[PDB]
There are 4 protein chains.
Amino acid sequence: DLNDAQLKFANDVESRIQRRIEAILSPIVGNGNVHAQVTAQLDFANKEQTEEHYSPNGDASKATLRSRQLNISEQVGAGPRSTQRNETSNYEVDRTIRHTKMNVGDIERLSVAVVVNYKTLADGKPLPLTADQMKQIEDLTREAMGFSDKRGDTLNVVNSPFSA
Amino acid sequence: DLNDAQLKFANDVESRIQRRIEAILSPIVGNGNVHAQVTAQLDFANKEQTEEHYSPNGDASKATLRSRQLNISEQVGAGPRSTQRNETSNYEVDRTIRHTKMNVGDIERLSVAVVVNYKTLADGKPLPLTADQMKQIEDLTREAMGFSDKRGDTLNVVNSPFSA
Amino acid sequence: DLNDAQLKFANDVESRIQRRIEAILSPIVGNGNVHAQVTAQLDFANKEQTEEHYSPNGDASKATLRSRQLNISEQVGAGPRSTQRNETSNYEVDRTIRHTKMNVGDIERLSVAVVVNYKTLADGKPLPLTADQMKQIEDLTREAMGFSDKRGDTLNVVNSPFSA
Amino acid sequence: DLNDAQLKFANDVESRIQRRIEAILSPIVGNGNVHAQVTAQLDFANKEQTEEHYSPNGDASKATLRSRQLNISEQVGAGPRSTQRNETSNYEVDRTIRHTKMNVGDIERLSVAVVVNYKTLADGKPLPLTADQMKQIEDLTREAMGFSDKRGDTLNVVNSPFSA
């Protein structure tokens, strides 16, 4: 029931990422000379979070006060000195409440496998690509897939001649 | 259901960013001599936040007072001196409450992949572009995509001859 | 639903900024010899704010009083002196409450990309523009776009010959 | 009843992982020259979790205070010294409540078995593949299956000639 809807959601996301990669990889490598497939680890767990933050007021310069009683006594007779300080302070503090409801269906970790073809010249020899072109393909695929390191995304692009 | 609506929202945003990039990249590079694709990491999490800020009043110059009782006693007989100061102060403080409801569907991180063609002169030789022109294309794409560093936007523009 | 309305709002704002830029850039550079595109980062977050400000009254010259009790005693017998001052003061303070509801749909950051053509004389040679003319175009575009530094606006105008 | 629905859910997930692997393994190894089967250990246990986190306030620099009473007495007569410090502090602490409902049907551990064929040249000799090609197949399968180490995923790809 709901599981099938989630699976179809994942399939559509993967297909659209695949198409976005293919769109940029087509003009330079050529139609059919590139194949990519995407798998997506998604987030279907309902989470609700409330965050409370208090600004520190331990420093007297940023401390906000409402009432303060400072009783000071010094009975000098060091000799028979007698110092007494009774201090009472009531503070008002900064407060920030944030309520967050995470979206259901977010992407947790995306791994993408891309395979490119060789280059057959007018003679027909399948000449492999170069390192610079491979790096360009890797960068383009990283851009298309929305590659990020916090998610833990992995990308692998290899070059090999396609079968007949 | 709602996930499909969010996905269509993302697709429309990406398509419009793509079209905006293409619009400026067309007059100089030429029709079809430029291809770009956009992916958008969006924000579909409902957040509500209330912020409270208190202006500090620790300095006597900016401190606002309502009532103040200052009892001072000095019984000089340092000898048998006896100083006593009882101070009570009630303050009124500046207060700023901000209530914020973040919009659903905002952009978190935008990464854009742009590929340009080579230059075929009247002879037909695919002459590659220059560094200055590449920098101009990068700047134009950054302007079109709304490039920002707080979001974490990444842009990659590479030059390569298009396939037939 | 609402997201589409917000997107159309952004598109209309961007189109009108584009048209305003084109309107002034047309008479001097010429029809079609200028192309500009605008992207707008907008504010669709409902914010409500209440601000309270108290005028400081720590200086006796600007302090407003309602009731004041000053008991002073000096029993001179420094010898066996005995000074005692009990002071109680009730103040009335200036107060300013400001309630603000920010508009939904305001502009946060505007970045604009403008491209101009070269100058083809009667012979037909595409002569590039000059530094003074480029500075004039930059100033005119800044004026049209409502360029501001608090927002974080970025503008890029480059000169390049248009393609056929 | 529900068990059959869960089993069909597992079968669909396994079939889609199998198809994703086959899709990338087809262009290079060839149609029919690759066979893969997937088994999935799934999560059909309803879990509900509430998490509470308190920011530490043991350091006076990050400690937020509401009321503080500090009575200090020093009766010097080390001699007949008498120090007494009575300190009472009321704190306000940061608080974060997270409520999480894990999705039913998540993947716990995925193990995948892939078998590839040999290479029969124009002569017909079944030449085995190379180490580099085997490593490429392993990497592609890891990418397709969403291989992860936290889950405990295991992958085994072996090379052997297919039977008639």
# chains A, B, ... in the order shown; residues from 1 in each chain; ligands from 1

call {"tool": "select_by_dssp", "arguments": {"residues": "chain B", "states": "helix (DSSP H, G or I)", "output": "PyMOL selection string"}}
result
chain B and resi 2-29+131-145

call {"tool": "residues_around", "arguments": {"residues": "residue 59 in chain C", "least_positions_apart": "4", "cutoff": "12 Å", "atoms": "only C-alpha atoms", "output": "PyMOL selection string"}}
result
(chain B and resi 60-65) or (chain C and resi 55+63-64+91)

call {"tool": "write_last_selection", "arguments": {"atoms": "N, CA and C atoms", "output": "CSV table (one decimal), in the first residue's frame"}}
result
chain,number,residue,atom,x,y,z
B,60,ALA,N,25.7,51.5,33.8
B,60,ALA,CA,24.8,52.4,34.5
B,60,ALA,C,24.3,53.5,33.5
B,61,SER,N,25.0,53.7,32.4
B,61,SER,CA,24.6,54.8,31.5
B,61,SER,C,23.4,54.4,30.6
B,62,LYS,N,23.3,53.2,30.2
B,62,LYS,CA,22.1,52.7,29.4
B,62,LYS,C,21.1,52.0,30.3
B,63,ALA,N,21.2,52.0,31.6
B,63,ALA,CA,20.3,51.2,32.4
B,63,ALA,C,19.0,52.1,32.7
B,64,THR,N,17.9,51.5,32.4
B,64,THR,CA,16.6,52.2,32.7
B,64,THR,C,16.0,51.7,34.0
B,65,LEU,N,15.6,52.7,34.9
B,65,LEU,CA,15.2,52.4,36.3
B,65,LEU,C,13.8,52.8,36.5
C,55,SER,N,14.0,54.7,27.3
C,55,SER,CA,15.1,55.7,27.4
C,55,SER,C,15.8,55.6,28.7
C,63,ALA,N,16.3,62.4,34.3
C,63,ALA,CA,15.5,61.5,35.0
C,63,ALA,C,14.2,62.1,35.4
C,64,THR,N,13.1,61.5,35.1
C,64,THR,CA,11.8,61.9,35.5
C,64,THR,C,11.3,61.2,36.8
C,91,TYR,N,10.7,56.4,39.5
C,91,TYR,CA,10.9,57.1,38.3
C,91,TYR,C,9.8,56.8,37.3

call {"tool": "residues_around", "arguments": {"residues": "range 40-48 of chain C", "least_positions_apart": "5", "cutoff": "9 Å", "atoms": "only C-alpha atoms", "output": "PDB file with N, CA, C and O atoms, in the first residue's frame"}}
result
ATOM      1  N   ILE B  97      10.425  40.697  20.466  1.00  0.00           N
ATOM      2  CA  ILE B  97       9.934  39.367  20.123  1.00  0.00           C
ATOM      3  C   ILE B  97       9.747  39.292  18.616  1.00  0.00           C
ATOM      4  O   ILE B  97       9.010  40.095  18.032  1.00  0.00           O
ATOM      5  N   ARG B  98      10.409  38.328  17.984  1.00  0.00           N
ATOM      6  CA  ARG B  98      10.261  38.088  16.556  1.00  0.00           C
ATOM      7  C   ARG B  98       9.713  36.687  16.329  1.00  0.00           C
ATOM      8  O   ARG B  98      10.280  35.701  16.808  1.00  0.00           O
ATOM      9  N   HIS B  99       8.609  36.610  15.593  1.00  0.00           N
ATOM     10  CA  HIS B  99       7.975  35.350  15.237  1.00  0.00           C
ATOM     11  C   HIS B  99       8.122  35.129  13.740  1.00  0.00           C
ATOM     12  O   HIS B  99       7.684  35.957  12.938  1.00  0.00           O
ATOM     13  N   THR B 100       8.731  34.005  13.365  1.00  0.00           N
ATOM     14  CA  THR B 100       9.078  33.746  11.971  1.00  0.00           C
ATOM     15  C   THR B 100       8.551  32.382  11.559  1.00  0.00           C
ATOM     16  O   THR B 100       8.761  31.392  12.266  1.00  0.00           O
ATOM     17  N   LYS B 101       7.871  32.336  10.417  1.00  0.00           N
ATOM     18  CA  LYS B 101       7.421  31.091   9.804  1.00  0.00           C
ATOM     19  C   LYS B 101       8.110  30.960   8.450  1.00  0.00           C
ATOM     20  O   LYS B 101       7.728  31.634   7.488  1.00  0.00           O
ATOM     21  N   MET B 102       9.124  30.100   8.377  1.00  0.00           N
ATOM     22  CA  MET B 102       9.880  29.947   7.142  1.00  0.00           C
ATOM     23  C   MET B 102       9.004  29.381   6.031  1.00  0.00           C
ATOM     24  O   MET B 102       8.125  28.546   6.260  1.00  0.00           O
ATOM     25  N   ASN B 103       9.254  29.853   4.814  1.00  0.00           N
ATOM     26  CA  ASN B 103       8.513  29.389   3.651  1.00  0.00           C
ATOM     27  C   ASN B 103       8.883  27.950   3.313  1.00  0.00           C
ATOM     28  O   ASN B 103      10.035  27.529   3.448  1.00  0.00           O
ATOM     29  N   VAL B 104       7.885  27.191   2.871  1.00  0.00           N
ATOM     30  CA  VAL B 104       8.070  25.810   2.441  1.00  0.00           C
ATOM     31  C   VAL B 104       8.366  25.810   0.949  1.00  0.00           C
ATOM     32  O   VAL B 104       7.598  26.368   0.155  1.00  0.00           O
ATOM     33  N   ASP B 106      11.833  26.536  -0.112  1.00  0.00           N
ATOM     34  CA  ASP B 106      13.005  27.357  -0.356  1.00  0.00           C
ATOM     35  C   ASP B 106      14.169  26.498  -0.844  1.00  0.00           C
ATOM     36  O   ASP B 106      14.182  25.274  -0.688  1.00  0.00           O
ATOM     37  N   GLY B 146      22.045  32.736  -9.500  1.00  0.00           N
ATOM     38  CA  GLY B 146      21.985  33.288  -8.161  1.00  0.00           C
ATOM     39  C   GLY B 146      23.015  32.691  -7.232  1.00  0.00           C
ATOM     40  O   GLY B 146      22.688  32.336  -6.093  1.00  0.00           O
TER      41      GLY B 146
ATOM     42  N   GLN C   6       3.940  31.921  -5.820  1.00  0.00           N
ATOM     43  CA  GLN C   6       5.189  32.587  -5.455  1.00  0.00           C
ATOM     44  C   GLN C   6       6.167  32.614  -6.623  1.00  0.00           C
ATOM     45  O   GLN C   6       6.843  33.626  -6.854  1.00  0.00           O
ATOM     46  N   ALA C  10       7.800  35.836  -8.536  1.00  0.00           N
ATOM     47  CA  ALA C  10       9.222  36.034  -8.800  1.00  0.00           C
ATOM     48  C   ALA C  10       9.494  36.266 -10.280  1.00  0.00           C
ATOM     49  O   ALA C  10      10.310  37.128 -10.633  1.00  0.00           O
ATOM     50  N   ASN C  11       8.833  35.500 -11.153  1.00  0.00           N
ATOM     51  CA  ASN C  11       9.026  35.668 -12.588  1.00  0.00           C
ATOM     52  C   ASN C  11       8.596  37.051 -13.058  1.00  0.00           C
ATOM     53  O   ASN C  11       9.298  37.672 -13.863  1.00  0.00           O
ATOM     54  N   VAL C  13       8.466  39.836 -11.218  1.00  0.00           N
ATOM     55  CA  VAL C  13       9.425  40.817 -10.716  1.00  0.00           C
ATOM     56  C   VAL C  13      10.693  40.813 -11.562  1.00  0.00           C
ATOM     57  O   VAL C  13      11.204  41.875 -11.953  1.00  0.00           O
ATOM     58  N   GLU C  14      11.212  39.622 -11.871  1.00  0.00           N
ATOM     59  CA  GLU C  14      12.428  39.530 -12.669  1.00  0.00           C
ATOM     60  C   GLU C  14      12.217  40.103 -14.063  1.00  0.00           C
ATOM     61  O   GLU C  14      13.083  40.814 -14.586  1.00  0.00           O
ATOM     62  N   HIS C  99       5.159  47.748  16.650  1.00  0.00           N
ATOM     63  CA  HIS C  99       4.675  46.474  16.144  1.00  0.00           C
ATOM     64  C   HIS C  99       4.794  46.466  14.628  1.00  0.00           C
ATOM     65  O   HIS C  99       4.228  47.328  13.951  1.00  0.00           O
ATOM     66  N   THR C 100       5.524  45.489  14.096  1.00  0.00           N
ATOM     67  CA  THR C 100       5.849  45.457  12.674  1.00  0.00           C
ATOM     68  C   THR C 100       5.483  44.101  12.095  1.00  0.00           C
ATOM     69  O   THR C 100       5.840  43.064  12.662  1.00  0.00           O
ATOM     70  N   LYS C 101       4.772  44.114  10.971  1.00  0.00           N
ATOM     71  CA  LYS C 101       4.459  42.911  10.209  1.00  0.00           C
ATOM     72  C   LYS C 101       5.108  43.045   8.836  1.00  0.00           C
ATOM     73  O   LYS C 101       4.611  43.782   7.979  1.00  0.00           O
ATOM     74  N   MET C 102       6.219  42.339   8.631  1.00  0.00           N
ATOM     75  CA  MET C 102       6.942  42.444   7.371  1.00  0.00           C
ATOM     76  C   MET C 102       6.104  41.917   6.213  1.00  0.00           C
ATOM     77  O   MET C 102       5.345  40.954   6.347  1.00  0.00           O
ATOM     78  N   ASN C 103       6.248  42.570   5.063  1.00  0.00           N
ATOM     79  CA  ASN C 103       5.528  42.167   3.865  1.00  0.00           C
ATOM     80  C   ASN C 103       6.064  40.843   3.333  1.00  0.00           C
ATOM     81  O   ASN C 103       7.263  40.561   3.388  1.00  0.00           O
ATOM     82  N   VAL C 104       5.152  40.025   2.815  1.00  0.00           N
ATOM     83  CA  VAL C 104       5.492  38.747   2.202  1.00  0.00           C
ATOM     84  C   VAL C 104       5.732  38.975   0.717  1.00  0.00           C
ATOM     85  O   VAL C 104       4.871  39.528   0.020  1.00  0.00           O
ATOM     86  N   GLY C 105       6.890  38.556   0.235  1.00  0.00           N
ATOM     87  CA  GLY C 105       7.285  38.772  -1.136  1.00  0.00           C
ATOM     88  C   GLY C 105       8.353  39.827  -1.356  1.00  0.00           C
ATOM     89  O   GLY C 105       8.551  40.244  -2.504  1.00  0.00           O
ATOM     90  N   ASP C 106       9.039  40.271  -0.308  1.00  0.00           N
ATOM     91  CA  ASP C 106      10.090  41.260  -0.464  1.00  0.00           C
ATOM     92  C   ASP C 106      11.333  40.628  -1.084  1.00  0.00           C
ATOM     93  O   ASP C 106      11.505  39.406  -1.091  1.00  0.00           O
ATOM     94  N   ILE C 107      12.205  41.482  -1.608  1.00  0.00           N
ATOM     95  CA  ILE C 107      13.418  41.039  -2.287  1.00  0.00           C
ATOM     96  C   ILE C 107      14.552  40.981  -1.270  1.00  0.00           C
ATOM     97  O   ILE C 107      14.786  41.942  -0.531  1.00  0.00           O
ATOM     98  N   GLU C 108      15.256  39.851  -1.234  1.00  0.00           N
ATOM     99  CA  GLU C 108      16.408  39.670  -0.357  1.00  0.00           C
ATOM    100  C   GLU C 108      17.732  39.964  -1.044  1.00  0.00           C
ATOM    101  O   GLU C 108      18.564  40.693  -0.494  1.00  0.00           O
ATOM    102  N   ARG C 109      17.948  39.415  -2.239  1.00  0.00           N
ATOM    103  CA  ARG C 109      19.227  39.563  -2.927  1.00  0.00           C
ATOM    104  C   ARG C 109      18.966  39.463  -4.421  1.00  0.00           C
ATOM    105  O   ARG C 109      18.384  38.475  -4.882  1.00  0.00           O
ATOM    106  N   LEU C 110      19.388  40.477  -5.170  1.00  0.00           N
ATOM    107  CA  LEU C 110      19.165  40.540  -6.606  1.00  0.00           C
ATOM    108  C   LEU C 110      20.504  40.500  -7.331  1.00  0.00           C
ATOM    109  O   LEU C 110      21.382  41.327  -7.066  1.00  0.00           O
ATOM    110  N   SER C 111      20.655  39.547  -8.247  1.00  0.00           N
ATOM    111  CA  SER C 111      21.830  39.460  -9.098  1.00  0.00           C
ATOM    112  C   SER C 111      21.390  39.491 -10.553  1.00  0.00           C
ATOM    113  O   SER C 111      20.441  38.807 -10.947  1.00  0.00           O
ATOM    114  N   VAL C 112      22.088  40.296 -11.350  1.00  0.00           N
ATOM    115  CA  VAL C 112      21.661  40.596 -12.712  1.00  0.00           C
ATOM    116  C   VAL C 112      22.837  40.378 -13.653  1.00  0.00           C
ATOM    117  O   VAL C 112      23.955  40.822 -13.381  1.00  0.00           O
TER     118      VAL C 112
END

call {"tool": "interface_residues", "arguments": {"of": "chain C", "to": "chain B", "cutoff": "6 Å", "atoms": "only C-alpha atoms", "output": "PDB file with N, CA and C atoms, in the first residue's frame"}}
result
ATOM      1  N   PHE C  44       9.385  34.930   1.328  1.00  0.00           N
ATOM      2  CA  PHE C  44       8.023  34.432   1.487  1.00  0.00           C
ATOM      3  C   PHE C  44       7.792  33.879   2.890  1.00  0.00           C
ATOM      4  N   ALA C  45       8.504  34.424   3.872  1.00  0.00           N
ATOM      5  CA  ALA C  45       8.418  33.979   5.261  1.00  0.00           C
ATOM      6  C   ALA C  45       7.676  35.051   6.055  1.00  0.00           C
ATOM      7  N   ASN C  46       6.561  34.656   6.668  1.00  0.00           N
ATOM      8  CA  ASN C  46       5.771  35.572   7.481  1.00  0.00           C
ATOM      9  C   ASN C  46       6.477  35.868   8.798  1.00  0.00           C
ATOM     10  N   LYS C  47       6.825  37.131   9.031  1.00  0.00           N
ATOM     11  CA  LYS C  47       7.484  37.544  10.261  1.00  0.00           C
ATOM     12  C   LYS C  47       6.674  38.624  10.962  1.00  0.00           C
ATOM     13  N   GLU C  48       6.589  38.507  12.286  1.00  0.00           N
ATOM     14  CA  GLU C  48       5.903  39.467  13.136  1.00  0.00           C
ATOM     15  C   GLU C  48       6.840  39.856  14.267  1.00  0.00           C
ATOM     16  N   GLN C  49       6.957  41.156  14.524  1.00  0.00           N
ATOM     17  CA  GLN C  49       7.940  41.636  15.485  1.00  0.00           C
ATOM     18  C   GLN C  49       7.345  42.756  16.327  1.00  0.00           C
ATOM     19  N   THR C  50       7.614  42.705  17.631  1.00  0.00           N
ATOM     20  CA  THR C  50       7.213  43.744  18.574  1.00  0.00           C
ATOM     21  C   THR C  50       8.470  44.239  19.278  1.00  0.00           C
ATOM     22  N   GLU C  51       8.706  45.549  19.232  1.00  0.00           N
ATOM     23  CA  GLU C  51       9.920  46.152  19.770  1.00  0.00           C
ATOM     24  C   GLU C  51       9.556  47.104  20.898  1.00  0.00           C
ATOM     25  N   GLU C  52      10.251  46.981  22.024  1.00  0.00           N
ATOM     26  CA  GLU C  52      10.077  47.860  23.172  1.00  0.00           C
ATOM     27  C   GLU C  52      11.401  48.542  23.486  1.00  0.00           C
ATOM     28  N   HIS C  53      11.365  49.864  23.645  1.00  0.00           N
ATOM     29  CA  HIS C  53      12.562  50.655  23.905  1.00  0.00           C
ATOM     30  C   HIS C  53      12.324  51.544  25.114  1.00  0.00           C
ATOM     31  N   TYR C  54      13.274  51.543  26.043  1.00  0.00           N
ATOM     32  CA  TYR C  54      13.239  52.402  27.218  1.00  0.00           C
ATOM     33  C   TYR C  54      14.368  53.420  27.136  1.00  0.00           C
ATOM     34  N   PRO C  56      17.155  55.682  28.630  1.00  0.00           N
ATOM     35  CA  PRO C  56      17.928  55.585  29.874  1.00  0.00           C
ATOM     36  C   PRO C  56      17.676  56.783  30.776  1.00  0.00           C
ATOM     37  N   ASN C  57      17.660  56.523  32.085  1.00  0.00           N
ATOM     38  CA  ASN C  57      17.421  57.557  33.086  1.00  0.00           C
ATOM     39  C   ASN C  57      18.490  57.566  34.174  1.00  0.00           C
ATOM     40  N   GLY C  58      19.682  57.045  33.881  1.00  0.00           N
ATOM     41  CA  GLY C  58      20.752  57.017  34.862  1.00  0.00           C
ATOM     42  C   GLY C  58      21.323  58.377  35.202  1.00  0.00           C
ATOM     43  N   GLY C  79      36.748  62.368  64.257  1.00  0.00           N
ATOM     44  CA  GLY C  79      36.040  62.187  65.501  1.00  0.00           C
ATOM     45  C   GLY C  79      34.932  61.161  65.386  1.00  0.00           C
ATOM     46  N   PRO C  80      33.945  61.240  66.280  1.00  0.00           N
ATOM     47  CA  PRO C  80      32.828  60.290  66.229  1.00  0.00           C
ATOM     48  C   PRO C  80      31.718  60.741  65.295  1.00  0.00           C
ATOM     49  N   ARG C  81      32.060  60.981  64.031  1.00  0.00           N
ATOM     50  CA  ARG C  81      31.070  61.394  63.048  1.00  0.00           C
ATOM     51  C   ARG C  81      30.141  60.237  62.696  1.00  0.00           C
ATOM     52  N   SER C  82      28.922  60.583  62.287  1.00  0.00           N
ATOM     53  CA  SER C  82      27.937  59.579  61.902  1.00  0.00           C
ATOM     54  C   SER C  82      27.023  60.107  60.804  1.00  0.00           C
ATOM     55  N   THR C  83      27.345  59.793  59.552  1.00  0.00           N
ATOM     56  CA  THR C  83      26.522  60.231  58.435  1.00  0.00           C
ATOM     57  C   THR C  83      25.618  59.094  57.962  1.00  0.00           C
ATOM     58  N   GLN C  84      24.378  59.450  57.630  1.00  0.00           N
ATOM     59  CA  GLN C  84      23.393  58.460  57.201  1.00  0.00           C
ATOM     60  C   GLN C  84      22.471  59.115  56.183  1.00  0.00           C
ATOM     61  N   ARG C  85      22.388  58.529  54.990  1.00  0.00           N
ATOM     62  CA  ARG C  85      21.553  59.042  53.908  1.00  0.00           C
ATOM     63  C   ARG C  85      20.721  57.893  53.348  1.00  0.00           C
ATOM     64  N   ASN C  86      19.406  57.975  53.525  1.00  0.00           N
ATOM     65  CA  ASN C  86      18.462  56.991  52.997  1.00  0.00           C
ATOM     66  C   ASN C  86      17.669  57.663  51.881  1.00  0.00           C
ATOM     67  N   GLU C  87      17.895  57.223  50.649  1.00  0.00           N
ATOM     68  CA  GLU C  87      17.286  57.824  49.471  1.00  0.00           C
ATOM     69  C   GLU C  87      16.432  56.792  48.747  1.00  0.00           C
ATOM     70  N   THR C  88      15.172  57.142  48.497  1.00  0.00           N
ATOM     71  CA  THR C  88      14.244  56.306  47.743  1.00  0.00           C
ATOM     72  C   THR C  88      13.645  57.148  46.626  1.00  0.00           C
ATOM     73  N   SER C  89      13.711  56.642  45.396  1.00  0.00           N
ATOM     74  CA  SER C  89      13.275  57.386  44.221  1.00  0.00           C
ATOM     75  C   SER C  89      12.421  56.486  43.340  1.00  0.00           C
ATOM     76  N   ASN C  90      11.270  56.999  42.909  1.00  0.00           N
ATOM     77  CA  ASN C  90      10.411  56.319  41.947  1.00  0.00           C
ATOM     78  C   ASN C  90      10.414  57.114  40.648  1.00  0.00           C
ATOM     79  N   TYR C  91      10.718  56.443  39.543  1.00  0.00           N
ATOM     80  CA  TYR C  91      10.902  57.103  38.260  1.00  0.00           C
ATOM     81  C   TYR C  91       9.777  56.754  37.290  1.00  0.00           C
ATOM     82  N   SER C 111      20.655  39.547  -8.247  1.00  0.00           N
ATOM     83  CA  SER C 111      21.830  39.460  -9.098  1.00  0.00           C
ATOM     84  C   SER C 111      21.390  39.491 -10.553  1.00  0.00           C
ATOM     85  N   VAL C 112      22.088  40.296 -11.350  1.00  0.00           N
ATOM     86  CA  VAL C 112      21.661  40.596 -12.712  1.00  0.00           C
ATOM     87  C   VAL C 112      22.837  40.378 -13.653  1.00  0.00           C
ATOM     88  N   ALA C 113      22.577  39.690 -14.764  1.00  0.00           N
ATOM     89  CA  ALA C 113      23.583  39.438 -15.792  1.00  0.00           C
ATOM     90  C   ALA C 113      23.175  40.184 -17.055  1.00  0.00           C
ATOM     91  N   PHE C 162      27.822  39.498 -30.595  1.00  0.00           N
ATOM     92  CA  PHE C 162      26.703  38.571 -30.671  1.00  0.00           C
ATOM     93  C   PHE C 162      26.876  37.619 -31.851  1.00  0.00           C
ATOM     94  N   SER C 163      26.360  36.406 -31.688  1.00  0.00           N
ATOM     95  CA  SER C 163      26.408  35.421 -32.755  1.00  0.00           C
ATOM     96  C   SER C 163      25.299  35.680 -33.771  1.00  0.00           C
TER      97      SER C 163
END

call {"tool": "atom_distance", "arguments": {"atom1": "CA of residue 117 in chain C", "atom2": "CA of residue 33 in chain C"}}
result
4.9 Å

call {"tool": "decode", "arguments": {"residues": "range 54-115 of chain A", "atoms": "C-alpha atoms", "output": "PDB file, in the first residue's frame"}}
result
ATOM      1  CA  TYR A  54      19.380  30.259  25.851  1.00  0.00           C
ATOM      2  CA  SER A  55      21.985  32.956  25.316  1.00  0.00           C
ATOM      3  CA  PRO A  56      24.667  32.798  28.037  1.00  0.00           C
ATOM      4  CA  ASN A  57      24.610  35.606  30.600  1.00  0.00           C
ATOM      5  CA  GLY A  58      27.650  34.765  32.743  1.00  0.00           C
ATOM      6  CA  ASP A  59      29.468  37.929  31.631  1.00  0.00           C
ATOM      7  CA  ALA A  60      28.282  41.096  33.381  1.00  0.00           C
ATOM      8  CA  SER A  61      28.519  43.055  30.105  1.00  0.00           C
ATOM      9  CA  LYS A  62      25.831  41.064  28.254  1.00  0.00           C
ATOM     10  CA  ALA A  63      23.725  40.247  31.340  1.00  0.00           C
ATOM     11  CA  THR A  64      20.211  41.696  31.370  1.00  0.00           C
ATOM     12  CA  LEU A  65      18.799  42.487  34.808  1.00  0.00           C
ATOM     13  CA  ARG A  66      15.363  43.210  36.255  1.00  0.00           C
ATOM     14  CA  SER A  67      16.111  43.605  39.973  1.00  0.00           C
ATOM     15  CA  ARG A  68      19.358  43.736  41.919  1.00  0.00           C
ATOM     16  CA  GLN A  69      19.978  44.013  45.666  1.00  0.00           C
ATOM     17  CA  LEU A  70      23.561  44.706  46.780  1.00  0.00           C
ATOM     18  CA  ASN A  71      24.106  44.980  50.539  1.00  0.00           C
ATOM     19  CA  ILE A  72      27.701  45.951  51.368  1.00  0.00           C
ATOM     20  CA  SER A  73      29.126  46.251  54.881  1.00  0.00           C
ATOM     21  CA  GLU A  74      32.693  47.005  56.005  1.00  0.00           C
ATOM     22  CA  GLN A  75      33.300  47.344  59.760  1.00  0.00           C
ATOM     23  CA  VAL A  76      37.011  48.145  60.043  1.00  0.00           C
ATOM     24  CA  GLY A  77      38.299  48.060  63.615  1.00  0.00           C
ATOM     25  CA  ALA A  78      44.329  43.596  58.811  1.00  0.00           C
ATOM     26  CA  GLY A  79      43.056  43.954  62.364  1.00  0.00           C
ATOM     27  CA  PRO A  80      39.450  43.149  63.253  1.00  0.00           C
ATOM     28  CA  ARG A  81      38.105  43.770  59.754  1.00  0.00           C
ATOM     29  CA  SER A  82      34.638  42.530  58.823  1.00  0.00           C
ATOM     30  CA  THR A  83      33.517  42.569  55.192  1.00  0.00           C
ATOM     31  CA  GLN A  84      30.067  41.347  54.165  1.00  0.00           C
ATOM     32  CA  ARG A  85      28.513  41.469  50.681  1.00  0.00           C
ATOM     33  CA  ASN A  86      25.021  40.061  50.038  1.00  0.00           C
ATOM     34  CA  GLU A  87      24.178  40.196  46.326  1.00  0.00           C
ATOM     35  CA  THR A  88      20.888  39.060  44.768  1.00  0.00           C
ATOM     36  CA  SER A  89      20.308  39.375  41.016  1.00  0.00           C
ATOM     37  CA  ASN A  90      17.318  38.474  38.835  1.00  0.00           C
ATOM     38  CA  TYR A  91      18.077  38.118  35.127  1.00  0.00           C
ATOM     39  CA  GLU A  92      16.123  38.099  31.869  1.00  0.00           C
ATOM     40  CA  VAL A  93      17.560  35.840  29.180  1.00  0.00           C
ATOM     41  CA  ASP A  94      17.267  35.609  25.414  1.00  0.00           C
ATOM     42  CA  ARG A  95      15.140  32.694  24.258  1.00  0.00           C
ATOM     43  CA  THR A  96      14.703  31.044  20.852  1.00  0.00           C
ATOM     44  CA  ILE A  97      12.197  28.230  20.284  1.00  0.00           C
ATOM     45  CA  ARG A  98      12.428  26.461  16.925  1.00  0.00           C
ATOM     46  CA  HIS A  99       9.835  23.880  15.886  1.00  0.00           C
ATOM     47  CA  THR A 100      10.788  21.735  12.895  1.00  0.00           C
ATOM     48  CA  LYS A 101       8.847  19.044  11.028  1.00  0.00           C
ATOM     49  CA  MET A 102      11.192  17.261   8.626  1.00  0.00           C
ATOM     50  CA  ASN A 103       9.834  16.423   5.188  1.00  0.00           C
ATOM     51  CA  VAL A 104       8.959  12.799   4.431  1.00  0.00           C
ATOM     52  CA  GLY A 105      10.773  11.512   1.365  1.00  0.00           C
ATOM     53  CA  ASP A 106      14.107  13.336   1.642  1.00  0.00           C
ATOM     54  CA  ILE A 107      17.307  11.846   0.234  1.00  0.00           C
ATOM     55  CA  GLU A 108      19.802  10.351   2.699  1.00  0.00           C
ATOM     56  CA  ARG A 109      22.557   8.895   0.497  1.00  0.00           C
ATOM     57  CA  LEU A 110      22.830   8.855  -3.300  1.00  0.00           C
ATOM     58  CA  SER A 111      25.185   6.546  -5.199  1.00  0.00           C
ATOM     59  CA  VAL A 112      25.394   6.700  -8.983  1.00  0.00           C
ATOM     60  CA  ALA A 113      27.025   4.343 -11.495  1.00  0.00           C
ATOM     61  CA  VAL A 114      27.931   5.778 -14.915  1.00  0.00           C
ATOM     62  CA  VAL A 115      29.546   3.917 -17.818  1.00  0.00           C
TER      63      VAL A 115
END
